[PDB]
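> Here it is: the structure, laid out below.
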Amino acid sequence: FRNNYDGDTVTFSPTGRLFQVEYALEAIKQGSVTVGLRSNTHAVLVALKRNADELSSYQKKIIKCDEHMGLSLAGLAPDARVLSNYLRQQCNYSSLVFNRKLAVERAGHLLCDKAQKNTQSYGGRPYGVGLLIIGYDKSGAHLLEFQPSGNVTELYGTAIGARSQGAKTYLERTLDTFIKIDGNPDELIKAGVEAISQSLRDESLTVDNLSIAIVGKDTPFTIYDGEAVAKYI
Amino acid sequence: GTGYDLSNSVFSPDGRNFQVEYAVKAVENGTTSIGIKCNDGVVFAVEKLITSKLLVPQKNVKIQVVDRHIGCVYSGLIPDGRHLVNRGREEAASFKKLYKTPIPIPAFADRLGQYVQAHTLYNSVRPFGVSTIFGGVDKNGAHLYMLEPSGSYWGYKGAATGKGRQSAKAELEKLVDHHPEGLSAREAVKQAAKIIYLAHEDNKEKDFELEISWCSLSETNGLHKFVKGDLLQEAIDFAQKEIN
Amino acid sequence: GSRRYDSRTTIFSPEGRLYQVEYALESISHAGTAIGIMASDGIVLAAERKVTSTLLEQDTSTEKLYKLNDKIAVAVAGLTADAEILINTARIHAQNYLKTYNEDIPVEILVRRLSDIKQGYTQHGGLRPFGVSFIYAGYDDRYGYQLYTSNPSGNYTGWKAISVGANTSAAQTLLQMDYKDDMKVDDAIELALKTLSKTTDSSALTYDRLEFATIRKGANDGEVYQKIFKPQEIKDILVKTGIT
Amino acid sequence: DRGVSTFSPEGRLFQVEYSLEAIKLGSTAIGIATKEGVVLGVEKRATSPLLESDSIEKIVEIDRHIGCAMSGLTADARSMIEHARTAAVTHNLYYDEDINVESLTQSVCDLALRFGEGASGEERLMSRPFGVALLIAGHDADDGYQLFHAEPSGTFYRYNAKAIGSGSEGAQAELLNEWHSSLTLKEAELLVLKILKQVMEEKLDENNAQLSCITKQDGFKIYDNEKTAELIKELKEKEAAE
Amino acid sequence: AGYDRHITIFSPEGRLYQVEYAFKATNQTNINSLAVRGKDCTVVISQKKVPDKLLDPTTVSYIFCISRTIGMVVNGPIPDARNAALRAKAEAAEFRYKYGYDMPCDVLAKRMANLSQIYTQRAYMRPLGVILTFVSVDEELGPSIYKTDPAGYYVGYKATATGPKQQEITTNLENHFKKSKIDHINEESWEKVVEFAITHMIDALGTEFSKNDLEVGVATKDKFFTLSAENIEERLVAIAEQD
Amino acid sequence: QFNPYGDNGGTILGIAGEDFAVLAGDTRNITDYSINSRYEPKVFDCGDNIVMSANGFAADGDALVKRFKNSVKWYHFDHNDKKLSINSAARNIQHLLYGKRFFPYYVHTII
Amino acid sequence: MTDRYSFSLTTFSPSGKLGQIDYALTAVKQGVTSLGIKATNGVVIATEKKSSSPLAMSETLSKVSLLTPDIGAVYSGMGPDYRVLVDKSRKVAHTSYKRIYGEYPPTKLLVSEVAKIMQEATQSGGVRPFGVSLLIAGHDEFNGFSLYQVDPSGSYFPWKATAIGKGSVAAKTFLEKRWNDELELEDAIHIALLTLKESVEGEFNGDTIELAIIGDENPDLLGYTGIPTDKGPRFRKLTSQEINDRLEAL
Amino acid sequence: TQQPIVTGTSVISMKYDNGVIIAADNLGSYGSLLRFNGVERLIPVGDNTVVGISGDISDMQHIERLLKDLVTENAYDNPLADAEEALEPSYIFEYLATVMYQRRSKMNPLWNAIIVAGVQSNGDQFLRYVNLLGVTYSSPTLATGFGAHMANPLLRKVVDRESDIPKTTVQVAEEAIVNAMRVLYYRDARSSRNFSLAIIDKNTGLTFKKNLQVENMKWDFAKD
Amino acid sequence: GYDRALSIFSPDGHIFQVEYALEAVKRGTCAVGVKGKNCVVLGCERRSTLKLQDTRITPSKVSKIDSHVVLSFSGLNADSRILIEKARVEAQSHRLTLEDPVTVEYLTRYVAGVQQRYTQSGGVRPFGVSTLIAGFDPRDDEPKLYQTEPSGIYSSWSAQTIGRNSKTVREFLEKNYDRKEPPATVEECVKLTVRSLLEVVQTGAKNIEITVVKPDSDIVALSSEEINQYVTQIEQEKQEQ
Ligand SMILES: [Cl-]
Ligand SMILES: [Mg+2]
């Protein structure tokens with residue numbers, strides 16, 4: 001069965017599946033967990049960074065796309081660089097041409113259509129990364145989830161990577177609480193740390209291990225690393 | 001021998017293209033969507049599965065508009081459907097640029113039809129993993145279509161595709177028989193909510209969110225619009241009443 | 001996609017051989033034998049017509065000996081159609097040299113160019129090699145009378161006497177046993193026919209199965225003559241050398 | 001067959017994982033970062049004694065403040081150095097300043113995944129991944145002395161110390177215990193020379209191993225054989241000392 | 001060694017299985033068609049089957065108006081049919097523009113046949129799974145039927161039939177042209193040539209026809225057009241007042 | 001024939017103190033003998049503590065300022081939020097301008 | 001999309017056979033018999049019209065084709081492949097010759113350009129060879145009357161007479177008996193009709209036989225008068241009647 | 001490089017306490033021939049923006065289609081197309097300003113002067129000019145062609161600086177625009193009595209007035 | 001058009017096309033270079049499968065790139081021609097732009113960079129060739145000798161051999177070449193080259209060709225008699241024991 005229909009992305013299986021895409025989806029789960037959640041006033045990214053040795057640095061998980069939008073990654077970083085690059089240029093074009101901040105909904109639609117082109121043409125390969133895109137636009141706080149299948153979804157909260165089901169279930173339970181943390185960035189981040197720590201097992205999140213990013217009403221997208229995330233451990 | 005199903009443009013010994021047949025499996029696996037042709041327009045409805053309480057209500061819109069007068073809904077691989085609507089939009093713009101008039105639905109139908117068929121001519125592409133239900137109002141009345149991964153399309157009185165297609169087709173067939181004079185746009189909207197609720201028993205384990213749109217000459221001035229607020233609620237209640 | 005149906009004509013074997021070049025050389029080994037012999041005062045080209053008939057017009061016929069210039073010629077062994085593609089580019093290379101320099105092309109420069117084209121088909125492009133082996137017989141004022149050989153690999157070499165196609169092993173032994181450096185053209189004519197007469201898989205060696213060419217100077221001219229033998233002349237020489 | 005940018009069912013690219021195997025078959029290379037500079041060391045590994053060792057160039061200058069060591073298919077590195085050099089000089093032509101070490105590394109890694117048979121993205125014409133890993137050592141004003149590991153997977157890590165090639169898993173475990181944040185440059189030199197000595201099949205002298213460093217003051221310098229000789233002598237004396 | 005059955009390359013028997021399998025696609029629709037020539041007209045009858053009640057009958061047709069003068073009936077799946085139709089229309093419009101006269105029936109046929117022959121020799125293109133029957137009243141040749149297949153073959157017909165029950169219809173017509181000794185229906189009005197076509201389709205298939213079971217096309221000097229349900233019902237009423 | 005250049009007048013002035021700098025400019029935009037605006041800003045904060053004016057043809061000046069502000073944004077993205085030193089901004093603008101050597105931006109620019 | 005078949009589909013096998021050329025020649029063998037006979041003052045080319053249905057009009061399919069006013073072609077094998085070869089043969093006679101020298105190419109040179117087109121189908125990316133063998137008959141001022149055979153390989157050979165397709169082995173034997181260098185064009189037509197009779201199962205009349213000659217100039221087929229140097233085409237397709245007259249003396 | 005053929009004269013405009021007024025005559029001139037008389041040179045886009053175009057009318061009609069194409073495109077996958085994510089005057093302007101500058105830079109201009117007049121979503125007045133060179137400027141008063149020379153001087157006696165805008169009512173502004181249209185008919189040799197006028201108020205929305213005429217003209221003094 | 005990846009990684013981390021290209025070199029006739037104190041000498045064996053050759057015209061194994069640099073090789077003869085041409089063109093281009101002949105290292109680096117490119121470019125197979133490149137830098141007297149292999153790796157050798165039975169003749173040179181004391185004369189450097197081939201060639205008067213390169217573009221090819229004399233003297237060394 002599977003072996004015959006997984007050679008390339010241009011081939012359907014007899015059950016109507018795209019195996020090269022389902023293998024790309026597997027690159028995400030093998031990746032280090034990350035979490036997004038929002039209120040009406042702010043959206044947060046919390047990510048667990050992963051080091052090779054105790055001599056190596058922890059690989060950066062959060063990328064800024066514009067002053068009002070950015071994303072966390074899980075899977076191949078070199079693909080996350082390609083898509084975040086593309087998204088930076090869409091945010092850029094909107095500004096220079098229409099003097100208009102790109103809508104977070106429209107960022108989703110553009111990523112989706114770029115992902116899709118790799119999964120219907122011979123010689124291409126699907127992207128091997130998942131992204132949690134957060135922004136504040138003219139219709140407030142937004143959190144997107146991107147799969148390399150092309151599927152983009154708008155959620156109040158979610159997590160992707162290894163053991164990501166722990167944080168996702170916690171959020172699913174906390175929903176009524178964190179959706180109402182409006183005009184308090186500190187308490188939203190604390191709620192997102194508690195979420196990610198539901199996906200721990202190995203270790204306990206430390207100062208040079210935890211990465212957090214926030215965007216909101218009067219907060220441009222900014223990344224907190226090291227000593228800056230001390231007060232949240 | 002065999003291997004007739006590994007390469008897209010290839011004919012089996014019985015004259016079939018297995019790669020197109022396998023794309024149909026991706027569609028059948030999809031969510032249930034329907035079109036209903038009323039006496040001056042068309043109604044589109046679609047089942048949206050709620051994975052979790054985390055999906056924002058109303059916010060992940062599936063029904064897409066082409067030009068200002070055409071509606072499209074699809075079942076199967078959603079990004080494939082999007083790729084086709086982008087082609088739809090380029091095609092309608094191209095036509096309007098040259099001929100001034102907005103594209104007639106039959107003209108627009110064949111434009112999609114020829115593109116999708118092009119994607120069964122070569123082993124270097126994959127067939128579309130969607131069945132598309134689309135139409136609207138032109139110079140000489142309302143038109144409903146459905147378009148398979150093979151490129152096959154026809155006009156329909158009603159159409160349905162994906163998970164719940166047998167429940168829907170059954171319910172559509174009854175309407176065609178019980179209303180020979182025609183259905184109104186107000187009625188067709190209610191009737192469309194009902195057919196999506198009844199066809200959601202093939203998926204009854206997960207909760208769901210109803211989405212409806214319409215193009216009526218009298219009710220929306222021959223323009224595609226979404227059903228919202230009171231008229232959406234009236235239609236939800238009409239189905240929640242009749243499911244019991 | 002297409003990958004499935006690619007023979008990959010330009011790869012190495014584990015032994016570091018070129019499959020397609022090896023199999024093309026195999027093809028050529030079945031082809032009518034061709035012999036080149038260089039003397040002090042000229043060159044001889046003889047070739048065995050593979051397959052004939054009472055009805056094949058031999059006066060209008062040319063399948064092995066081709067003029068590239070007024071000083072250069074080739075004996076072919078292998079696919080004729082392949083040879084004619086290479087022959088035509090070589091005829092043009094010679095005319096480009098003459099236009100650029102106002103001198104007739106040196107024989108090695110023409111040979112190297114053809115050989116480099118064949119090499120190309122070996123290393124990129126993914127097309128089958130030219131199933132052809134050439135004997136070149138030329139004259140220029142640098143190296144005088146020259147004899148070269150080229151094969152599907154793009155490899156060329158120079159000879160005093162050589163054979164290509166069928167029975168080269170047998171032919172090369174016989175040439176090497178009765179060839180002396182101070183030979184005259186008339187002696188090379190006789191040697192060339194004897195060698196063919198002994199390697200032939202056919203009953204006898206008649207005029208209607210041979211192509212014959214010579215490149216002799218004149219003491220009463222000082223210029224070089226290419227004489228492609230007409231059927232009657234091949235019949236005459238065939239008696240004179242004692243094969244009737 | 002099967003495509004060159006195909007995914008395994010585990011979620012890994014075939015051609016990148018096989019490449020990582022080629023890099024284990026390579027000569028050893030060790031980098032050690034300190035607050036007094038970064039040190040780069042390599043096994044020369046001559047295949048015969050008739051080979052003129054000092055024609056083995058596995059440590060190269062990128063700019064005055066950036067050098068790199070290689071391990072794997074070293075011919076694959078030539079076009080990666082030519083791109084780094086061009087990047088660093090081009091950066092200086094446009095901004096009248098030295099390129100950051102991290103940006104130079106990012107630039108080299110952006111090449112690594114440009115392989116395919118016509119992959120729906122840009123114009124990645126290059127049949128296969130590179131078969132070589134790079135250590136990239138440098139200094140800049142912003143983040144100081146830095147060592148980076150640059151793989152054919154397009155990811156780069158920052159290491160306090162790192163070993164790549166045949167002796168790697170062994171040598172890394174040695175660097176794990178030995179490295180501390182207050183190492184001097186002289187300590188770093190001996191520590192490289194020592195770990196090479198352990199993992200090399202040959203006996204280490206000034207002809208089958210090469211040292212280099214990069215310091216803010218003098219920039220990137222390959223040590224000639226006479227200076228490395230006197231650090232080998234110095235190593236031997238300290239190891240006999242207990 | 002088994003891939004000579006997947007692309008248009010020769011088998012060891014000198015055969016192109018992809019072409020042979022493309023001909024098999026032609027019958028997938030289970031529709032029979034026949035063309036006949038009048039004194040100054042040409043008529044194409046095709047079966048019309050509408051299984052689904054949710055279908056719009058009006059939008060279900062395998063007859064296409066290529067140009068003012070040329071009509072085309074297709075035996076094969078509708079997607080390939082519509083591909084062939086659009087190309088034939090495009091070609092028809094470009095011929096007029098470049099050469100200043102209406103593309104003739106037989107020349108259009110040759111051009112679509114040359115296009116089919118190319119899919120028969122180039123590997124990246126599959127043949128179309130359709131048989132194209134072209135009809136006009138040519139201003140030079142007169143009433144004309146020209147048919148092309150996935151092999152790139154084409155020829156002129158006195159009359160012709162296509163579909164699963166091709167042979168029943170063919171031998172019916174064959175017998176009529178042995179009896180009449182001529183090579184056209186000797187009839188002045190197209191109305192009585194359409195009645196001839198429908199009559200012989202009933203006797204060859206052994207089936208009756210309602211007004212929605214048939215689809216009719218007529219070529220006259222300077223116009224090709226299709227009949228409505230209502231134009232056919234008139235036609236069914238006349239054959240009924242004779243049997 | 002179509003003239004791609006025009007002249008919007010105005011004047012700008014840059015003076016350097018020991019621990020500060022100023023860049024000044026009138027707010028008047030003109031065409032021939034007509035006034036277009038009495039308040040059209042011409043001196044811009046580009047971020048990284050660099051101010052810029054490109055006086056002359058407004059359309060060529062607004063283009064250059066736009067391309068430079070964007071050059072600052074992409075420097076931050078490409079070089080880990082590094083600050084663009086004035087000497088570096090200058091060299092970057094030399095390349096922006098020389099880019100159109102054979103269809104120049106009709107501006108005199110100060111930073 | 002985009003032809004990604006940039007590689008040969010005809011490669012050498014370990015034996016040194018080119019599978020697709022061998023298989024194409026098999027397709028030629030299955031095809032209907034055609035032949036050609038050279039006389040002192042003309043050439044004749046002949047084939048059977050094998051109608052695919054008695055409802056088809058065999059006049060609307062030519063197996064014999066005019067390439068230039070002095071050159072004609074016939075085939076055995078796949079008819080569609082012949083049709084597009086005739087299109088390309090007519091056009092190369094203009095682009096490569098007439099639009100340069102202002103005369104029609106001689107027979108041997110037009111044959112060469114067809115051979116070249118067929119050779120390319122044997123080596124180019126993403127094509128199969130042509131499944132036909134052509135017989136090309138022609139006159140030119142400096143070479144006189146000639147008859148050539150062209151095989152899927154792109155190899156061509158000059159013939160006093162020959163046959164191709166189904167019964168070609170038998171037919172070649174019957175021509176080797178009857179042929180001489182002193183045949184008049186009438187005697188060659190006669191022999192062609194006899195030879196083709198051994199190949200035809202059913203009806204053998206001028207409605208089932210397609211025959212043409214390269215003969216004298218036909219000034220009545222030129223379509224204008226006044227210019228003496230122009231004497232009109234040497235190619236003439238014989239009528240259904242002209243065949244039937246010579247079958248009553250068979 | 002082109003030369004304009006059918007042309008439209010002055011576009012005039014100013015701001016007031018609660019929005020903006022724009023006006024332009026209904027004439028397409030063909031050199032010295034006053035050829036076409038029904039021509040609308042005010043393009044409404046959504047219900048918060050008008051675009052007034054002078055110069056070549058073939059180029060105007062093309063710019064009119066670019067704006068309908070922009071409206072269609074913005075509604076695509078945009079469930080807030082009639083709310084928070086509707087087109088703003090500033091979005092429409094910047095789009096035109098970009099196209100204009102690109103076309104001059106390819107030596108193939110759109111031979112026009114354009115004035116975008118609207119109210120932004122936040123209640124702010126928008127008024128900005130762009131022309132075939134890609135030159136752009138704001139002012140409390142803006143006019144094209146002749147309007148520059150004669151309308152600005154009259155309209156500036158009502159709003160000379162920004163501080164004057166909240167002191168100016170709709171009635172006062174509207175009268176000023178109507179009088180400027182008369183003065184232009186007196187003195188511009190390529191102008192028409194008939195004109196369209198648009199008000200965009202941040203309360204009453206968009207008011208578009210067609211088939212207006214210059215009234216209360218003084219010709220009586222001519223007889224002496 | 002044709003961009004198929006022919007050189008790819010196998011699971012154990014090898015590039016089979018590159019590996020197999022070396023096997024073509026192993027099959028090729030032997031080539032050897034030894035560098036003297038003040039010269040470099042290039043030796044190559046000639047086959048004997050067929051022998052009826054014209055030695056006037058047959059392309060010789062040692063090629064001049066510039067007046068001061070030579071290239072010999074082992075592998076596919078036809079592949080050799082493509083490398084030699086590219087190098088000769090790079091030689092004239094270098095002189096045109098830098099106003100100075102190539103160094104031997106530069107010319108080598110260029111040839112090795114080309115050989116490498118053919119190992120990661122779509123649609124091509126690697127060169128089935130290894131090269132010795134020998135000469136004198138401009139206005140330098142210190143001899144240079146370099147080796148390239150299909151992978152694209154290069155390095156400099158006191159002495160080296162490549163091609164069939166190169167294992168044997170390397171083993172000879174490893175225990176007959178003193179780095180302390182390089183062959184001080186042209187004569188004794190040539191003799192050490194012939195001696196090395198005689199291990200593999202098996203009685204070859206006409207089956208050995210020698211080229212001597214000296215400083216300042218002084219290059220010459222020995223004749224059959226000049227080499228035959230060297231063979232004679234080396235066989236008397238043996239028999240005098
Ligand atoms: Cl055609
Ligand atoms: Mg094909």
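In the structure tokens, the first chain shown is A, the next is B, and so on; residue numbers restart at 1 for each chain, and ligands run from 1 in the order shown.
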With 12 Å as the limit and counting only C-alpha atoms, what residues in chain D lie close to chain I? Please list them as a short mmCIF file (atom, residue, chain, number, x, y, z; two decimals) with N, CA and C atoms, in the first residue's frame.

```
data_model
loop_
_atom_site.label_atom_id
_atom_site.label_comp_id
_atom_site.auth_asym_id
_atom_site.auth_seq_id
_atom_site.Cartn_x
_atom_site.Cartn_y
_atom_site.Cartn_z
N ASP D 1 12.79 5.95 -9.61
CA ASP D 1 13.57 6.10 -8.34
C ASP D 1 12.66 6.79 -7.31
N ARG D 2 13.08 7.94 -6.76
CA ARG D 2 12.38 8.74 -5.71
C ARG D 2 13.02 10.13 -5.68
N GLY D 3 12.24 11.19 -5.46
CA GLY D 3 12.69 12.59 -5.59
C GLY D 3 13.82 12.94 -4.63
N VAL D 4 14.52 14.05 -4.89
CA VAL D 4 15.71 14.49 -4.10
C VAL D 4 15.25 15.33 -2.90
N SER D 5 14.10 16.00 -2.98
CA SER D 5 13.50 16.76 -1.85
C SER D 5 12.25 16.04 -1.32
N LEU D 13 14.02 15.01 5.63
CA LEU D 13 14.42 14.99 4.20
C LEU D 13 15.51 13.93 4.02
N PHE D 14 15.33 13.02 3.07
CA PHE D 14 16.26 11.89 2.84
C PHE D 14 17.66 12.46 2.59
N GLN D 15 17.80 13.27 1.54
CA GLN D 15 19.11 13.75 1.02
C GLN D 15 19.91 14.51 2.09
N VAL D 16 19.25 15.15 3.06
CA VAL D 16 19.93 15.92 4.16
C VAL D 16 20.47 14.94 5.20
N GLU D 17 19.74 13.86 5.49
CA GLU D 17 20.16 12.87 6.51
C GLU D 17 21.36 12.08 5.97
N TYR D 18 21.32 11.68 4.70
CA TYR D 18 22.42 10.92 4.05
C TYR D 18 23.67 11.80 4.01
N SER D 19 23.51 13.09 3.70
CA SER D 19 24.57 14.14 3.75
C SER D 19 25.27 14.14 5.12
N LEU D 20 24.48 14.09 6.20
CA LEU D 20 24.99 14.12 7.60
C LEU D 20 25.90 12.91 7.83
N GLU D 21 25.66 11.81 7.12
CA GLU D 21 26.50 10.58 7.17
C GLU D 21 27.86 10.87 6.51
N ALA D 22 27.86 11.58 5.38
CA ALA D 22 29.09 11.95 4.64
C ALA D 22 30.01 12.78 5.55
N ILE D 23 29.42 13.60 6.43
CA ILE D 23 30.14 14.57 7.31
C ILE D 23 30.80 13.83 8.49
N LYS D 24 30.24 12.69 8.92
CA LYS D 24 30.86 11.81 9.94
C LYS D 24 32.12 11.15 9.38
N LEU D 25 32.19 10.89 8.07
CA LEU D 25 33.36 10.24 7.41
C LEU D 25 34.50 11.26 7.21
N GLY D 26 34.27 12.54 7.49
CA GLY D 26 35.29 13.60 7.31
C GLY D 26 36.30 13.68 8.45
N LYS D 44 44.63 17.35 9.43
CA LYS D 44 45.00 17.49 8.00
C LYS D 44 44.64 16.19 7.26
N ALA D 46 46.54 13.51 5.53
CA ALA D 46 47.15 13.17 4.22
C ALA D 46 47.01 11.66 3.94
N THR D 47 46.51 11.32 2.76
CA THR D 47 46.21 9.94 2.30
C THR D 47 47.50 9.20 1.94
N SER D 48 48.62 9.91 1.76
CA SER D 48 49.97 9.32 1.49
C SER D 48 51.04 10.19 2.16
N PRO D 49 52.27 9.68 2.38
CA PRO D 49 53.38 10.54 2.80
C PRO D 49 53.97 11.43 1.69
N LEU D 50 53.72 11.12 0.42
CA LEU D 50 54.22 11.92 -0.74
C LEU D 50 53.37 13.18 -0.96
N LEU D 51 52.25 13.32 -0.26
CA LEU D 51 51.34 14.50 -0.29
C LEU D 51 51.98 15.64 0.51
N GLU D 52 52.14 16.82 -0.10
CA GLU D 52 52.70 18.05 0.54
C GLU D 52 51.64 18.68 1.45
N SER D 53 51.68 18.31 2.73
CA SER D 53 50.65 18.57 3.77
C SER D 53 50.17 20.02 3.74
N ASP D 54 51.07 20.99 3.62
CA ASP D 54 50.69 22.41 3.82
C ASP D 54 49.87 22.90 2.61
N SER D 55 49.64 22.05 1.61
CA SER D 55 48.67 22.28 0.51
C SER D 55 47.26 21.80 0.92
N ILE D 56 47.07 21.40 2.19
CA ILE D 56 45.74 20.96 2.72
C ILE D 56 45.14 22.11 3.53
N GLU D 57 44.09 22.71 2.96
CA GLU D 57 43.55 24.03 3.35
C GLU D 57 42.11 23.81 3.81
N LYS D 58 41.96 23.49 5.09
CA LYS D 58 40.67 23.14 5.72
C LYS D 58 40.30 24.23 6.73
N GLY D 72 33.98 17.08 6.00
CA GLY D 72 33.08 16.45 5.02
C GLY D 72 33.72 16.41 3.66
N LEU D 73 32.91 16.56 2.61
CA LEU D 73 33.38 16.69 1.20
C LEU D 73 33.88 18.13 1.00
N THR D 74 35.19 18.36 1.12
CA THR D 74 35.77 19.71 1.28
C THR D 74 35.68 20.49 -0.05
N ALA D 75 35.59 19.79 -1.19
CA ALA D 75 35.39 20.42 -2.52
C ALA D 75 34.05 21.16 -2.55
N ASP D 76 33.04 20.61 -1.85
CA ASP D 76 31.67 21.19 -1.70
C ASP D 76 31.73 22.54 -0.98
N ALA D 77 32.76 22.79 -0.16
CA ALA D 77 32.93 24.03 0.63
C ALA D 77 33.37 25.20 -0.27
N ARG D 78 34.09 24.96 -1.37
CA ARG D 78 34.73 26.04 -2.18
C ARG D 78 33.70 27.11 -2.54
N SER D 79 32.53 26.72 -3.07
CA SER D 79 31.46 27.66 -3.51
C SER D 79 30.78 28.32 -2.30
N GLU D 82 33.32 31.21 -1.25
CA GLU D 82 33.23 32.25 -2.30
C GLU D 82 31.97 33.10 -2.08
N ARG D 114 18.76 25.12 -1.09
CA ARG D 114 18.54 25.45 -2.53
C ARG D 114 18.92 24.27 -3.43
N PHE D 115 18.33 23.09 -3.20
CA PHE D 115 18.54 21.89 -4.05
C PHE D 115 17.18 21.36 -4.49
N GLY D 116 17.10 20.72 -5.67
CA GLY D 116 15.85 20.15 -6.20
C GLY D 116 15.94 19.73 -7.66
N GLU D 117 14.78 19.45 -8.27
CA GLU D 117 14.62 19.21 -9.73
C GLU D 117 13.64 20.25 -10.31
N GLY D 118 13.48 21.39 -9.63
CA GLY D 118 12.56 22.49 -10.00
C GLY D 118 11.46 22.66 -8.97
N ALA D 119 11.83 22.90 -7.70
CA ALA D 119 10.92 22.93 -6.51
C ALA D 119 10.15 24.26 -6.45
N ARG D 124 15.94 27.22 -7.18
CA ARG D 124 16.97 26.32 -6.58
C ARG D 124 17.48 25.35 -7.65
N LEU D 125 18.46 25.78 -8.46
CA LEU D 125 19.22 24.90 -9.38
C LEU D 125 20.52 24.48 -8.67
N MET D 126 20.58 23.21 -8.24
CA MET D 126 21.68 22.56 -7.48
C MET D 126 21.17 21.16 -7.11
N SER D 127 21.82 20.09 -7.59
CA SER D 127 21.22 18.73 -7.71
C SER D 127 21.02 18.09 -6.33
N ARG D 128 21.86 18.44 -5.35
CA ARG D 128 21.96 17.75 -4.03
C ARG D 128 22.41 18.74 -2.96
N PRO D 129 22.12 18.47 -1.67
CA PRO D 129 22.70 19.24 -0.58
C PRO D 129 24.24 19.22 -0.65
N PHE D 130 24.86 20.19 0.03
CA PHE D 130 26.32 20.18 0.31
C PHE D 130 26.62 18.98 1.22
N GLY D 131 27.80 18.37 1.04
CA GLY D 131 28.27 17.20 1.82
C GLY D 131 29.35 17.58 2.82
N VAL D 132 29.22 18.77 3.42
CA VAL D 132 30.26 19.39 4.30
C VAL D 132 29.58 20.28 5.34
#
```
> Please check the contacts: residues of chain E at most 10 Å away from chain B, using only C-alpha atoms, listed as an MDAnalysis selection string.
chainID E and resid 2:3 5:8 17:28 52:61 77:83 86 123:129
> Can you list, as a ChimeraX atom specification, every protein, DNA or RNA residue that comes within 6 Å of residue 33 of chain C when you count only C-alpha atoms, leaving out same-chain residues fewer than 6 positions away?
/C:47-48,164-166
> To one decimal place in Å, what is the distance between atom CA of residue 72 of chain B and atom CA of residue 102 of chain A?
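Atom-to-atom, atom CA of residue 72 of chain B and atom CA of residue 102 of chain A are spaced 24.6 Å apart.
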> Run DSSP on the backbone and give me the residues of segment 54-103 of chain D it puts in strand (DSSP E or B), as a list in words.
residues 59, 60, 61, 62, 63, 66, 67, 68, 69, 70, 71 and 72 of chain D
